[PDB]
Amino acid sequence: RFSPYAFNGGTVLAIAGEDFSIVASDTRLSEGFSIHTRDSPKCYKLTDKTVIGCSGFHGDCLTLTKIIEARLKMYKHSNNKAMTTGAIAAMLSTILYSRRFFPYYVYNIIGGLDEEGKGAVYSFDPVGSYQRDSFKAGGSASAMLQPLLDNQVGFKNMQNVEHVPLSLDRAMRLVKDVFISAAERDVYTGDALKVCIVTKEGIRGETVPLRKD
Amino acid sequence: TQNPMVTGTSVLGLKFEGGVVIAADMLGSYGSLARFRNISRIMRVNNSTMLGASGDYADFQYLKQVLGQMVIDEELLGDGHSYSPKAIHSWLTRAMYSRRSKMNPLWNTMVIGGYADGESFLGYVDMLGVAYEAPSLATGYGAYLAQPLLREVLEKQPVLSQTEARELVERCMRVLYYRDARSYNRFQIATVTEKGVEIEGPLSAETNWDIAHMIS
Amino acid sequence: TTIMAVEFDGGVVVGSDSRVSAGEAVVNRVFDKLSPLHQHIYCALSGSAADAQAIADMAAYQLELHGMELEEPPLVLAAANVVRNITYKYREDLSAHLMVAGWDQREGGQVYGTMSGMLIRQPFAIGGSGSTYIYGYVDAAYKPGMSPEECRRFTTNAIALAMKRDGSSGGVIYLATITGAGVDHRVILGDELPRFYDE
Amino acid sequence: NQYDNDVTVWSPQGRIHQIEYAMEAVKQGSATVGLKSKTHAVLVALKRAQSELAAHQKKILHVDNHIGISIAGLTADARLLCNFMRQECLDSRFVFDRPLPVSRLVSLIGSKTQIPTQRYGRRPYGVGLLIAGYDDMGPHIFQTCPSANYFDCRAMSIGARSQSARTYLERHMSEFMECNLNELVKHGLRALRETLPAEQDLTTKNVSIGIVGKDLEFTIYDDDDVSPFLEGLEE
Amino acid sequence: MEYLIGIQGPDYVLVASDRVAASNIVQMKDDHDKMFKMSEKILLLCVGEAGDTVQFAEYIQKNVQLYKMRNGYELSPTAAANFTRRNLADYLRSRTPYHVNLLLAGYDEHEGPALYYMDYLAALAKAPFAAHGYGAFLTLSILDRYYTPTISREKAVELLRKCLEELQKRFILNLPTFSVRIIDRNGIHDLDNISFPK
Amino acid sequence: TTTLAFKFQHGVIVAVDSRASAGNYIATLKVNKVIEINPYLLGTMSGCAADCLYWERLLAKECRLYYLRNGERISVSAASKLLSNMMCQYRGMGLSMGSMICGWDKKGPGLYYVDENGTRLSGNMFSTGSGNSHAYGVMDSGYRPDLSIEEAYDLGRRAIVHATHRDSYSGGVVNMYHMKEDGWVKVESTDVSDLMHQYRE
Amino acid sequence: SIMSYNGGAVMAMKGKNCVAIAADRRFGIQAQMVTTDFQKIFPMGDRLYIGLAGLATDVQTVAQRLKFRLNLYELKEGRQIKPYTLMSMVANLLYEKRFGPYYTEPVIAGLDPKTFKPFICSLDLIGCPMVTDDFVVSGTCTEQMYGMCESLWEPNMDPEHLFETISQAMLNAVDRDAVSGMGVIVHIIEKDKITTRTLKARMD
Amino acid sequence: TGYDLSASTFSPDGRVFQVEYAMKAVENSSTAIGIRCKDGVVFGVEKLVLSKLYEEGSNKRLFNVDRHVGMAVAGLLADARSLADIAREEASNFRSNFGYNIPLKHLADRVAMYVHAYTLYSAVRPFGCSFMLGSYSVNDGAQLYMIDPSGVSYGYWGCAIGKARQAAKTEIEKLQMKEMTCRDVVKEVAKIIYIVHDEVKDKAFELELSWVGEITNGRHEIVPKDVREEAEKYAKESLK
Amino acid sequence: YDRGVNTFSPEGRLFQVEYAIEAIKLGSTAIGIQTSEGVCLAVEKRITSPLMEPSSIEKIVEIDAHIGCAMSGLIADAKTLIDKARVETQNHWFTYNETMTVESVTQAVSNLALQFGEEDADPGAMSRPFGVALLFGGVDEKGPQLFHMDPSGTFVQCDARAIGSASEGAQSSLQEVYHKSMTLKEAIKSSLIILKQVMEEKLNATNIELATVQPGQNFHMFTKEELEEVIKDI
């Protein structure tokens with residue numbers, strides 16, 4: 001018959017630093033065993049302080065993003081101001097529920113800085129449940145990214161060691177290498193890397209090379 | 001969904017310097033039968049963009065009547081605007097997406113090429129709604145066959161002329177005819193350029209059968 | 001079930017058989033599958049006999065209106081798109097497949113296959129469950145610029161060939177020659193079916 | 001007499017008084033002016049306060065990144081129609097993923113105002129609109145009427161005492177094309193002066209502007225950025 | 001499966017019900033009240049699907065209270081059962097079917113006591129005694145032996161306990177506590193809640 | 001998922017785990033399952049997480065519209081009945097939500113339960129979730145309405161810690177909330193494993 | 001199927017100047033019996049009765065809707081209904097449900113109000129009216145109730161021979177039906193009077 | 001009197017004055033003319049300049065209903081754009097039905113039927129606009145039809161709508177338009193436009209011309225500025 | 001009469017909207033004040049007989065924790081809007097999970113003001129214009145704010161606003177007492193001065209209701225105890 005969904009792969013990471021928030025995802029878009037293209041940026045910039053990742057079925061990733069951008073203008077025209085990172089997260093929760101009977105198939109990750117200047121990472125599910133955490137992951141390699149950030153970022157399971165708050169210099173190199181290690185063992189990750197760092201001064205994009213296999 | 005019949009074949013497209021070539025076979029297919037050997041699978045949209053598709057051709061003629069009238073209605077308006085190759089690629093993305101929620105999806109795979117204001121556009125949509133932009137695109141088994149052929153050229157030579165492009169298409173049209181049982185000999189090579197869309201008539205390709213003597 | 005139409009200089013020849021069988025038993029061995037939609041506009045019924053007869057009346061209802069509003073015979077392209085849109089839109093509940101052919105003062109004789117919901121122009125068109133086995137004769141024996149006498153025999157030989165191989169086809173051959181001066185209706189009795197290789 | 005009771009009934013001269021009363025409703029609002037160059041477009045809006053303690057009302061409504069509009073007429077009739085304009089523009093980026101052409105938006109505005117006219121019981125929308133926007137063909141100044149008529153314009157002034165501005169717009173029309181962003185503000189604020197009384201003239205409190213341009217998206221200015229714009233302009 | 005039982009005496013109606021409300025493998029509420037009061041002398045016993053039991057019975061509860069307030073007097077026992085059957089029969093062919101088993105207990109100043117049996121298909125039949133659930137098979141047979149129209153409530157309550165003690169022997173589900181009430185000329189009278197200090 | 005609540009002389013105590021998992025992978029360990037409705041009124045979560053977050057806020061919406069209307073500080077009984085009726089209209093469409101409502105009113109510290117099919121119950125001790133049966137054992141053992149404030153914390157603490165040990169879907173840190181007449185208050189947040197080391201010794 | 005849920009049997013035989021109708025008293029759910037007092041025959045007015053069988057949900061529901069149309073018909077018209085008129089009324093009530101049809105097999109028996117003439121008829125699930133000159137029966141055991149009335153029926157029978165014939169047909173045929181039994185109510189419709197009797201039957 | 005209040009109420013003489021008053025509103029509109037010949041049909045419209053503040057190309061009075069079907073409307077511009085899209089919906093639904101371009105006689109009938117439908121109901125109002133419909137084809141040929149506010153279509157070798165009509169219709173009768181070619185007809189169209197307009201009330205205007213026929217290959221097309229200026233110079237040879 | 005609710009004037013204004021504002025002069029007087037320390041609201045109970053209970057009269061309603069409201073004009077139309085304004089306020093927190101700006105509170109309510117008509121409407125359509133005037137005070141991220149709406153739906157930010165029958169002389173009196181940084185407690189004093197002048201009755205502790213919102217304290221209604229301490233300061 002007709003299959004309404006298909007797994008398009010990909011991986012999305014978000015980490016909340018002290019004064020900063022970093023969000024990165026790959027460019028690889030592939031369905032089944034074939035590659036559609038090697039450049040397909042999933043990272044979308046909502047506002048200056050907020051960047052949303054999308055990992056899942058690509059058809060729902062495009063439409064749901066256009067629906068969010070439409071409601072961004074509804075807010076700003078009404079409220080004369082931009083949405084906070086926490087306001088965008090709670091909004092899409094009700095957006096994902098409106099489909100509760102025929103849910104959108106996607107994994108959304110929202111990150112950025114709040115009014116206090118602290119990073120806020122928001123991980124979602126197709127039914128719309130959400131939470132705030134220091135760092136989250138998503139996509140096909142989501143199982144791979146989480147343990148590495150628990151030890152390195154979270155300082156977990158380490159006895160008698162100095163705990164230093166997250167630094168931007170290390171946070172960049174940690175996000176780069178976890179994807180370098182991801183592109184090794186993940187068939188759905190590689191070919192390029194795009195890193196979007198949201199700070200108090202503004203957003204700064206980066207490009208990192210990865211293996212083409 | 002139910003049963004469409006009226007099956008199509010693969011479609012190829014690529015980018016070169018100052019233009020886009022899109023070629024497809026003229027054969028309609030019913031089940032395992034090759035029935036209609038003369039069909040125009042490449043449709044022109046205004047001057048600067050062009051469309052071709054696969055899958056159900058009966059649904060494609062319906063997309064002719066819908067998109068065609070909508071494009072003509074703009075030419076009837078005469079406001080001085082023309083649908084951009086991204087606009088046609090965007091409208092087909094939502095139009096095909098709107099058919100999934102009503103549980104009546106149309107079987108088709110469409111490719112939108114075009115050249116406007118020095119910007120060469122080639123894009124891909126699908127019944128499943130997957131949409132993106134790539135310098136070389138193909139449908140059906142072409143993505144398995146003709147796609148890696150063009151990727152190797154674009155990596156070595158990102159810039160291709162109009163003659164080099166048509167020569168690579170014929171070489172890709174030659175390979176697709178070999179390994180695709182549902183393909184067909186007669187095809188049309190259509191090229192959009194600064195002069196607009198120009199669709200060449202029925203064409204063929206010289207085949208090398210020497211494998212017959214090398215096997216035996 | 002076999003329907004056939006062949007275009008020539010002065011018009012078209014649209015043939016059909018008389019056999020209508022629901023299942024393995026013949027309901028009626030003599031039936032006319034050509035239902036006039038207009039003077040020169042005819043429709044060859046095929047597929048489901050119940051759905052084809054319903055569309056033929058729904059098509060005639062729309063064509064008579066379009067014909068009386070213009071006070072002139074509608075074009076063959078007009079009658080073909082009526083059957084197609086009724087086919088394509090209602091294909092959910094309608095499995096019928098029709099072949100539209102006729103003559104107009106513009107381009108003359110025309111034959112438009114409406115089968116499966118699409119539309120295309122052909123010099124000769126064949127349809128039905130028995131048209132699949134006659135592809136060999138209609139392709140090779142077709143020659144350009146055949147006289148009306150040769151077109152009647154070319155259409156008869158292929159239909160009589162389908163009637164032999166198709167189990168659902170039989171009866172008598174109905175021929176309709178649609179030209180500018182009128183339409184001639186002929187019936188070929190079982191003795192007049194052209195004899196082919198019998199072994 | 002008895003022909004002004006509704007829209008549908010025609011006068012013996014073939015006129016609809018209710019449409020006339022809707023066109024006179026727009027002239028009872030604030031006076032706003034706008035103009036475009038070969039590059040930029042500037043919309044100068046006059047803000048009024050209901051009382052001395054009350055803050056000035058907002059006459060500028062943000063529509064699209066390249067599009068802006070000033071409302072003159074019944075306030076709530078503009079708001080329901082603004083929800084229609086914004087919805088159509090959101091639908092443009094929801095479907096076409098491109099900024100809606102300003103000429104196609106205004107054509108949808110008229111179609112919305114053509115619906116109430118031909119039907120009995122439904123009142124026409126009594127708000128007028130001065131809308132501007134930038135596209136591939138450059139900036140455009142459009143005006144709409146409650147009669148559903150809409151025109152393409154180089155520059156216009158709507159509201160009370162607008163002819164003293166329009167006369168100013170006629171004399172400097174030759175300069176409006178070649179001036180740059182800083183001069184368009186100078187001509188726009190001096191054009192607003194003619195619609196204003198002889199006592200209260202120019203204050204950054206009740207005067208606000210907006211600007212769209214080639215690479216410049218539509219941006220609303222209120223006080224801080226308007227203060228240097230008023231400086232250096234002699235009235 | 002919840003259990004219901006009722007008995008029609010000459011001047012009285014004796015009804016009883018299980019107080020256990022369970023979910024999955026555990027009993028969440030063992031004191032749960034299955035008895036709903038339709039009118040002064042008219043009670044109701046509703047069991048069935050956990051969702052349809054409370055929801056559909058509360059509809060009947062107020063619909064009976066609708067009649068009593070509009071005309072100033074409550075439905076009769078016969079009038080109440082026949083209106084509840086139409087309510088259950090109307091939703092039978094709807095998209096929300098109700099699975100419930102109801103016993104209507106009431107007393108009339110003329111016809112006297114009345115007990116009514118109702119299934120999930122809304123089939124109303126008057127009977128001197130009736131029961132629901134799987135426990136109805138282990139109980140009603142005892143009533144066949146000991147029932148007489150002249151029985152006194154003093155012996156009926158004793159025979160009711162003999163039937164309900166069979167639910168603790170053969171019948172598998174525990175059901176520790178049962179609620180028992182009686183209807184007569186003097187109104188609703190509560191009886192000692194059956195308790196088994198196990 | 002393990003959630004439990006019980007009422008006694010000093011009021012209700014709500015205890016819950018922090019862990020919610022999808023399949024074999026743990027989605028988040030730090031999830032806060034307890035829903036905050038009113039200052040003195042406290043909800044919970046069970047089953048689907050999105051169904052709870054959606055409907056419990058509608059209950060919090062109804063409770064606030066009530067207090068803004070009549071100012072009567074809606075009772076726990078009225079809140080539990082309104083939550084059950086909203087689940088009845090959509091019954092059969094696939095909505096799965098468990099929950100428990102806790103709070104004090106003129107009658108007392110009421111404890112109610114609302115199921116996915118509309119089951120509304122009342123009693124002294126409730127629990128829900130995948131580990132509810134593991135909670136019933138420890139809670140029932142050594143429980144009386146006369147338990148003090150400090151003794152009841154030890155019962156609620158050992159309830160989650162020993163129940164989440166036997167469940168693969170239950171874990172995280174123990175979040176226990178006592179209920180009072182003025183309102184509920186956060187008592188302690190402690191990891192299950194950190195308390196496991198104290199119980200083994 | 002669904003008609004076998006409550007079982008049941010209805011019998012109507014035509015005599016000479018009179019007609020007799022009979023049905024059993026049993027009501028049960030599958031293997032679980034309920035009550036002995038169930039009534040399968042409801043009065044349609046003077047000298048006209050109707051039998052009902054099958055699922056008892058529709059038995060009591062259609063009986064309402066037939067009394068719905070009966071009383072409205074009797075209040076509008078100044079004369080009583082003819083048994084031939086009622087047959088077509090049940091046909092319309094069952095046919096309007098053609099998508100959702102009720103489950104029952106109504107049996108109508110009575111006397112022509114003209115002078116003495118007896119009239120009988122029965123319908124089906126599809127609501128097809130049928131007129132027979134001998135007898136009509138319906139139920140799950142209807143195959144058993146045929147053979148009794150086939151041989152025993154005579155062209156003309158007095159009330160003495162009619163009651164004896166229909167009673168023996170009920171007692172013998174119902175005893176072979178598992179879902180039927182527990183007493184038989186027999187109604188005798190004569191020109192002068194109407195007789196109702198309850199037969200002594202086995203409890204089984 | 002109350003008889004002319006609603007269109008559903010007849011006058012004492014058996015007329016509908018509401019339809020008549022909608023026709024009087026058309027008489028205030030600007031003048032637009034058209035002429036058909038063997039080569040095709042030539043369109044022209046007088047577009048009045050309301051102010052210098054309006055951009056070139058504003059208030060376009062040349063309407064395109066369908067690829068082979070042009071239209072020029074004189075009347076209320078609100079009801080003009082309404083029927084404009086409605087006429088396009090009828091031509092689009094035709095091609096969605098019969099799969100080709102609707103003939104001009106068949107299109108003028110369906111549109112005029114939609115116009116007369118609002119004259120019957122008292123809950124709506126009739127159209128206050130009148131327009132002409134040209135078309136060209138190889139099987140039919142040049143055809144010109146005009147629909148009034150009452151919804152009745154008449155075949156015309158030439159027609160004039162707006163304020164000045166009878167004066168322009170007599171000038172067309174003074175010379176045979178059939179044997180002419182669209183190149184020579186546009187010379188007469190611009191000649192009539194200059195005769196109709198003088199400076200008394202109106203100030204300035206602009207020439208909006210359109211061609212359909214062999215020159216345009218049977219498709220509705222606007223006249224370019226180069227040919228328009230050259231067509232004016234042919235009319236600038238005389239004026240007198 | 002001989003016209004619809006949608007019929008325009010020869011000057012182009014709706015009769016039903018004009019008469020709606022003219023009906024507010026029959027309502028109750030309420031005076032709001034916006035200050036840097038909060039927003040003050042005061043209203044008179046208007047007791048025409050001792051048999052009535054002052055507890056049943058609430059002319060100051062609470063939309064949100066930090067957002068208050070005032071009431072005048074027709075009572076029947078206000079109770080419909082007070083409930084609708086509350087629902088949309090919670091629909092905001094149900095969606096965006098934040099407190100609605102008082103400007104958006106005035107925005108959502110102003111939408112339903114002019115929706116009224118006859119043809120081409122639903123059964124939930126209003127026939128007649130609102131005869132109620134409203135005052136929305138409150139504190140938000142931008143500080144204390146006080147807004148006003150009329151039957152036409154126009155909402156305007158105001159430093160001080162008065163409604164009711166006495167709004168004619170009270171609004172002119174607010175310009176006199178309001179200067180620069182004047183605090184909440186000082187505004188409460190000036191509120192009772194103007195309110196006592198405009199009322200026909202005597203100012204009493206239980207005669208008027210007084211409620212204020214602060215940046216550090218939620219909207220609070222002063223009870224009979226505190227009201228006696230406030231009136232004492234006169």
# chains A, B, ... in the order shown; residues from 1 in each chain; ligands from 1
>>> select_by_dssp(residues="segment 52-191 of chain D", states="alpha helix (DSSP H)", output="PyMOL selection string")
chain D and resi 75-95+102-117+163-171+173-176+181-191
>>> write_last_selection(atoms="C-alpha atoms", output="short mmCIF file (atom, residue, chain, number, x, y, z; two decimals), in the first residue's frame")
data_model
loop_
_atom_site.label_atom_id
_atom_site.label_comp_id
_atom_site.auth_asym_id
_atom_site.auth_seq_id
_atom_site.Cartn_x
_atom_site.Cartn_y
_atom_site.Cartn_z
CA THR D 75 -9.57 50.49 14.10
CA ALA D 76 -11.22 47.09 14.53
CA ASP D 77 -12.12 46.78 10.84
CA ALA D 78 -8.40 47.12 10.15
CA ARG D 79 -7.60 44.46 12.76
CA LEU D 80 -9.92 41.77 11.37
CA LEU D 81 -8.60 42.61 7.90
CA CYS D 82 -5.03 42.66 9.22
CA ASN D 83 -5.61 39.12 10.46
CA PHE D 84 -6.67 38.40 6.87
CA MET D 85 -3.65 40.13 5.31
CA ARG D 86 -1.18 38.45 7.66
CA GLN D 87 -2.86 35.06 7.18
CA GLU D 88 -2.55 35.33 3.39
CA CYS D 89 1.09 36.39 3.74
CA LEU D 90 1.74 33.56 6.19
CA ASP D 91 -0.03 31.25 3.74
CA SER D 92 2.36 32.51 1.05
CA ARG D 93 5.37 31.47 3.13
CA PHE D 94 3.42 28.39 4.24
CA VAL D 95 2.85 27.28 0.63
CA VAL D 102 2.61 43.19 -2.80
CA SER D 103 0.42 43.45 -5.91
CA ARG D 104 -1.00 39.98 -5.28
CA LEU D 105 -1.70 40.74 -1.61
CA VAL D 106 -3.65 43.91 -2.44
CA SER D 107 -5.64 41.97 -5.05
CA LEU D 108 -6.62 39.59 -2.25
CA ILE D 109 -7.54 42.59 -0.09
CA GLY D 110 -10.00 43.80 -2.71
CA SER D 111 -11.51 40.34 -3.16
CA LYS D 112 -12.19 40.29 0.59
CA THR D 113 -13.95 43.67 0.29
CA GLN D 114 -15.90 42.59 -2.81
CA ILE D 115 -17.58 39.81 -0.82
CA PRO D 116 -19.68 42.05 1.52
CA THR D 117 -20.82 44.45 -1.22
CA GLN D 163 -4.01 67.64 -0.52
CA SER D 164 -1.50 70.08 0.98
CA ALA D 165 0.77 67.03 1.20
CA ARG D 166 -0.20 65.69 -2.23
CA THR D 167 0.62 69.09 -3.73
CA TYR D 168 4.02 68.80 -2.06
CA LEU D 169 4.26 65.26 -3.44
CA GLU D 170 3.66 66.60 -6.96
CA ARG D 171 6.40 69.24 -6.90
CA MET D 173 8.07 63.86 -7.37
CA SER D 174 11.07 64.35 -9.65
CA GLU D 175 13.43 64.22 -6.66
CA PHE D 176 11.70 61.25 -4.97
CA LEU D 181 17.33 56.71 2.47
CA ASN D 182 18.27 59.75 4.56
CA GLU D 183 16.60 62.15 2.13
CA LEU D 184 13.42 60.07 1.78
CA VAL D 185 12.94 60.54 5.53
CA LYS D 186 13.48 64.29 5.16
CA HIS D 187 10.92 64.54 2.36
CA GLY D 188 8.55 62.18 4.17
CA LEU D 189 8.52 64.12 7.44
CA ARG D 190 8.19 67.44 5.59
CA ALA D 191 5.27 65.94 3.65
#
>>> residues_around(residues="residue 170 of chain H", least_positions_apart="5", cutoff="12 Å", atoms="only C-alpha atoms", output="PyMOL selection string")
chain H and resi 158-160+164-165+175-176+192
>>> write_last_selection(atoms="N, CA, C and O atoms", output="compact mmCIF listing (two decimals), in the first residue's frame")
# COMPACT_ATOMS: atom_id res chain seq x y z
N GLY H 158 -18.04 45.30 -34.38
CA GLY H 158 -17.34 46.24 -33.53
C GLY H 158 -18.27 46.73 -32.45
O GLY H 158 -19.50 46.68 -32.60
N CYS H 159 -17.69 47.20 -31.36
CA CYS H 159 -18.49 47.65 -30.23
C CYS H 159 -17.74 48.74 -29.48
O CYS H 159 -16.52 48.87 -29.58
N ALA H 160 -18.50 49.52 -28.72
CA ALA H 160 -17.95 50.58 -27.89
C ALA H 160 -18.69 50.59 -26.56
O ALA H 160 -19.92 50.55 -26.52
N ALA H 164 -18.83 57.37 -24.17
CA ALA H 164 -19.09 57.58 -25.59
C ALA H 164 -19.10 56.24 -26.30
O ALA H 164 -18.07 55.56 -26.38
N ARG H 165 -20.27 55.85 -26.81
CA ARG H 165 -20.42 54.59 -27.53
C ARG H 165 -21.07 54.80 -28.89
O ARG H 165 -20.46 54.47 -29.91
N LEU H 175 -16.64 53.00 -42.58
CA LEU H 175 -15.58 52.34 -43.33
C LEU H 175 -15.63 50.84 -43.05
O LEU H 175 -15.93 50.41 -41.93
N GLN H 176 -15.33 50.05 -44.08
CA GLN H 176 -15.42 48.60 -43.98
C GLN H 176 -14.24 48.05 -43.18
O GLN H 176 -13.08 48.24 -43.56
N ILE H 192 -9.81 56.80 -33.35
CA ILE H 192 -11.08 57.02 -32.67
C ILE H 192 -10.85 57.47 -31.23
O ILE H 192 -11.58 58.32 -30.70
>>> select_by_dssp(residues="segment 130-171 of chain G", states="strand (DSSP E or B)", output="ChimeraX atom specification")
/G:130,135-139
>>> write_last_selection(atoms="C-alpha atoms", output="short mmCIF file (atom, residue, chain, number, x, y, z; two decimals), in the first residue's frame")
data_model
loop_
_atom_site.label_atom_id
_atom_site.label_comp_id
_atom_site.auth_asym_id
_atom_site.auth_seq_id
_atom_site.Cartn_x
_atom_site.Cartn_y
_atom_site.Cartn_z
CA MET G 130 -45.75 -13.31 2.53
CA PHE G 135 -49.95 -21.47 8.55
CA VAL G 136 -46.89 -19.34 9.33
CA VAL G 137 -44.11 -20.00 11.84
CA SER G 138 -40.83 -18.29 12.71
CA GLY G 139 -37.86 -18.94 14.96
#
>>> interface_residues(of="chain I", to="chain A", cutoff="7 Å", atoms="only C-alpha atoms", output="ChimeraX atom specification")
/I:95-97,104
>>> closest_atom_pairs(of="chain B", to="chain D", cutoff="6 Å", atoms="only C-alpha atoms", output="CSV")
residue,atom,partner,partner_atom,distance
B:87,CA,D:96,CA,5.8
B:90,CA,D:96,CA,5.7
B:91,CA,D:96,CA,5.7
>>> write_last_selection(atoms="N, CA and C atoms", output="PDB file, in the first residue's frame")
ATOM      1  N   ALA B  87       9.870  28.147  -6.805  1.00  0.00           N
ATOM      2  CA  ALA B  87       8.449  28.243  -6.486  1.00  0.00           C
ATOM      3  C   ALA B  87       7.686  27.021  -6.978  1.00  0.00           C
ATOM      4  N   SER B  90       8.561  24.291  -4.769  1.00  0.00           N
ATOM      5  CA  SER B  90       7.940  24.432  -3.457  1.00  0.00           C
ATOM      6  C   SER B  90       6.458  24.075  -3.504  1.00  0.00           C
ATOM      7  N   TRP B  91       5.765  24.496  -4.565  1.00  0.00           N
ATOM      8  CA  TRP B  91       4.333  24.234  -4.657  1.00  0.00           C
ATOM      9  C   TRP B  91       4.053  22.746  -4.822  1.00  0.00           C
TER      10      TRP B  91
END
>>> closest_residue(among="I:119, I:77, I:98, I:159", to="residue 175 of chain I", atoms="only C-alpha atoms")
I:159
>>> residues_around(residues="residue 50 of chain G", least_positions_apart="4", cutoff="6 Å", atoms="only C-alpha atoms", output="list in words")
residues 41, 42, 107 and 108 of chain G
>>> closest_atom_pairs(of="chain F", to="chain E", cutoff="8 Å", atoms="only C-alpha atoms", output="tab-separated table")
residue	atom	partner	partner_atom	distance
F:88	CA	E:51	CA	7.6
F:117	CA	E:51	CA	4.9
F:118	CA	E:51	CA	5.3
F:119	CA	E:51	CA	6.0
F:121	CA	E:29	CA	6.7
F:122	CA	E:29	CA	7.1
F:123	CA	E:29	CA	6.6
F:126	CA	E:28	CA	7.2
F:133	CA	E:26	CA	7.3
>>> interface_residues(of="chain A", to="chain B", cutoff="9 Å", atoms="only C-alpha atoms", output="PyMOL selection string")
chain A and resi 1-6+29+34-40+57-60+62-63+102
>>> write_last_selection(atoms="C-alpha atoms", output="CSV table (one decimal), in the first residue's frame")
chain,number,residue,atom,x,y,z
A,1,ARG,CA,0.0,0.0,0.0
A,2,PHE,CA,1.2,3.5,1.0
A,3,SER,CA,3.9,3.9,3.7
A,4,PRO,CA,3.3,7.4,5.2
A,5,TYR,CA,6.7,7.4,6.9
A,6,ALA,CA,10.4,6.4,6.2
A,29,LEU,CA,20.4,13.3,3.7
A,34,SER,CA,20.9,5.5,-1.2
A,35,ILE,CA,22.3,9.1,-0.7
A,36,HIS,CA,20.0,11.9,-1.9
A,37,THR,CA,22.7,14.6,-1.4
A,38,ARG,CA,25.7,15.2,0.8
A,39,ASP,CA,24.7,18.8,1.7
A,40,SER,CA,21.2,19.1,3.3
A,57,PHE,CA,11.2,11.8,8.4
A,58,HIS,CA,12.3,14.6,6.1
A,59,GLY,CA,8.8,15.4,4.8
A,60,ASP,CA,7.6,16.3,8.3
A,62,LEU,CA,10.1,20.6,6.2
A,63,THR,CA,6.4,21.2,6.9
A,102,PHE,CA,-1.9,11.1,13.3
>>> residues_around(residues="residue 42 of chain C", least_positions_apart="4", cutoff="12 Å", atoms="only C-alpha atoms", output="ChimeraX atom specification")
/C:5,12-16,32-38,56-57,59-60,63,74-76,79-80,83,98-104,109-112,175-178,183,185
>>> atom_distance(atom1="atom CA of residue 83 of chain I", atom2="atom CA of residue 68 of chain F")
9.0 Å
>>> closest_atom_pairs(of="segment 92-128 of chain G", to="segment 61-78 of chain G", cutoff="10 Å", atoms="only C-alpha atoms", output="CSV")
residue,atom,partner,partner_atom,distance
G:93,CA,G:66,CA,8.1
G:94,CA,G:62,CA,9.0
G:102,CA,G:62,CA,8.0
G:103,CA,G:62,CA,9.3
G:104,CA,G:62,CA,8.5
G:106,CA,G:62,CA,9.2
>>> residues_around(residues="residue 210 of chain A", least_positions_apart="2", cutoff="6 Å", atoms="only C-alpha atoms", output="PDB file with C-alpha atoms, in the first residue's frame")
ATOM      1  CA  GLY A 190      29.226  12.328   7.785  1.00  0.00           C
ATOM      2  CA  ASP A 191      30.182  14.137   4.576  1.00  0.00           C
ATOM      3  CA  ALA A 192      30.326  17.529   6.365  1.00  0.00           C
TER       4      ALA A 192
END
